[PDB]
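Structural overview for review
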Amino acid sequence: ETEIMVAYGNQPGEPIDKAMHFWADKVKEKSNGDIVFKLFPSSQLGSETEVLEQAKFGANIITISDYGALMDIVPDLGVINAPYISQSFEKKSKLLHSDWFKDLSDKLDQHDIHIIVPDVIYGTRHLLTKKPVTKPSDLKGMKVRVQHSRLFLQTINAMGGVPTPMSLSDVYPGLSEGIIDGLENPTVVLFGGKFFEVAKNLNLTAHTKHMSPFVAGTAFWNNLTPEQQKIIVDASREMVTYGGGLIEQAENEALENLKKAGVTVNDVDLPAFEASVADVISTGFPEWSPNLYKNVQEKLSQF
Ligand SMILES: O=C(O)[C@@H](O)[C@H](O)[C@H](O)[C@@H](O)CO
Ligand SMILES: [Cl-]
């Protein structure tokens, strides 16, 4: 049999974890045992960035990644989750099957990473902080954690905070030790990581409707048979639809779970938060093609 390790940062029982189990079961079933996934939640194989490195070098790994992270390699991918670019997961899904996207995925393949599935719904990212945040000025001097992603570092800087890059597994002790004052993620990820134990203000900035790729190194992926590849990709499509079902009410459920555990939920000045990123989306990523955000904003509109 062909064993593949699946890596992500989410805790057991979270939507992404349930989706990966769905994917694993389906691949095992369709391949009659020839393809098996072994799941590694909670960053067990290492940090998200570290695992991408292991994959690129040929490890038998499929790992969640991030478009904002992948923009180190193919810059234009980073616009997919650019702040406030679209409120619609469905329109993003369409974008992620467009020729504009295909060409970027083909570019990434030549840099030794392959996107197997591009459009897993991860959820709507919100700030979780020690003190309430309702407008950008409230982030003044606040050390807000971001993952290793150029897109989110620049977004949090534009929003008014002090972006502090760190791996997901270091966030909880970072909050507890006072190294950082908050982070951002979807409710299901904030609840799963128990970050509510050390940061009790959920501020509904809703800055990213986050789409997730799962990727493998081209040097491992290309040495799979075409038949194995197709089983994995066919199954991944069903996994996306299944996860869409999981996430539909899971984000509200987690919102309620957060409140029950003592988190205060703050509405924010959304027009002020959207305004705060107007410069950064236009000229803050000099490596982007000219007018990329507005181009994609508009593509998303034909949908
Ligand atoms: O906060 C984190 O480090 C994770 O929740 C990431 O945002 C997540 O794994 C994404 O990189 C996946 O697309
Ligand atoms: Cl990271």
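Residues numbered from 1 in each chain as written, not as in the entry; some residues may be left out. Chains lettered and ligands numbered in written order. Heavy atoms only, no water.

Method of structure determination, per the deposited record: X-ray crystallography was used for this entry, reaching 1.7000 Å resolution.

**Quick notes on the site of ligand 1**
The full set of residues close to ligand 1 is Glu48, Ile64, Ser65, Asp66, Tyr122, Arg125, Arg145, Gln147, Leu168, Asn185, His210 and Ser212. A distance of 2.8 Å separates an oxygen atom of ligand 1 from a polar side-chain atom of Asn185. Within the side chain of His210, one N or O atom sits 2.8 Å away from an oxygen atom of ligand 1. The site holding ligand 1 turns out to be the largest pocket. (Near = heavy atom within 4 Å. Polar contact = N/O pair within 3.5 Å; in protein donor to acceptor, adjacent residues only side chain to side chain. 1 Å grid on protein atoms, 1.4 Å probe; cavity = no way out; pocket = protein on both sides within 12 Å on 5 of 7 lines; lining within 4 Å. Sits in = over half its atoms within 2 Å of the grid points.)

**Some details on the side chain of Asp66**
Secondary-structure assignment places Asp66 in the loop between strand 3 (61-64) and helix 3 (67-70). Of the side chains bearing the opposite charge, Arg125 lies closest to the buried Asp66, which forms no salt bridge; the N-O distance is 5.8 Å. A polar contact of 3.1 Å, which involves the side chain of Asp66, links it to the backbone nitrogen of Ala69. Discounting chain neighbours no more than four positions away, the residues touching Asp66 are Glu48, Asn81, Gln147, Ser149, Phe152, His210 and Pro213. (Helix = DSSP H or I, 4+ residues; strand = E, 2+ residues; numbered from the N terminus. Buried < 20%, exposed > 50% of the residue type's maximum accessible area, 1.4 Å probe, protein only. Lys, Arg positive; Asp, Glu negative; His and termini not counted. Salt bridge = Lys/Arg side-chain N within 4 Å of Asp/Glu carboxyl O. Contact = heavy atoms within 4.5 Å.)

**Points about the side chain of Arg125**
You can see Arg125 is positioned in strand 4 (residues 113-129). We classify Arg125 as buried; its relative accessible area is 1%. Among all residues touching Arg125, those that are not within four sequence positions of it are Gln147, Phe152, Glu184, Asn185, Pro186, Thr205, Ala206, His207, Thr208 and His210.

**A short note on the pairing of strand 6 (residues 162-165)**
Alignment of strand 5 (residues 143-146) against strand 6, held across four bridges, turns out to be parallel. Counted as the bridge partner of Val144 is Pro163 from strand 6. After leaving strand 5, the chain enters helix 6 (residues 150-159) and then returns to the sheet as strand 6, a path that is right-handed. (Pairing = 2+ DSSP bridges. Right-handed = clockwise from strand over helix to strand, strands pointing away.)

**Observations concerning the pattern of salt bridges**
Within the structure shown, the criterion is met by seven salt bridges. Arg237 is the salt-bridge partner of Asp119, the closest N and O atoms lying 2.8 Å from each other. Of this pair, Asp119 sits in strand 4 while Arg237 sits in helix 10 (residues 226-260); the two residues are 118 residues apart in sequence, bridging distant segments of the chain. For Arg150, the salt bridge is made with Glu287, and the minimal N-O distance between the two is 2.5 Å. Taken as a pair, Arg150 in helix 6 and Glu287 in the loop between helix 12 (278-283) and helix 13 (292-302) lie far apart in primary sequence, 137 residues in all. Taking relative accessible area as the criterion, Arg150 reaches 29% and is therefore assigned partly exposed.

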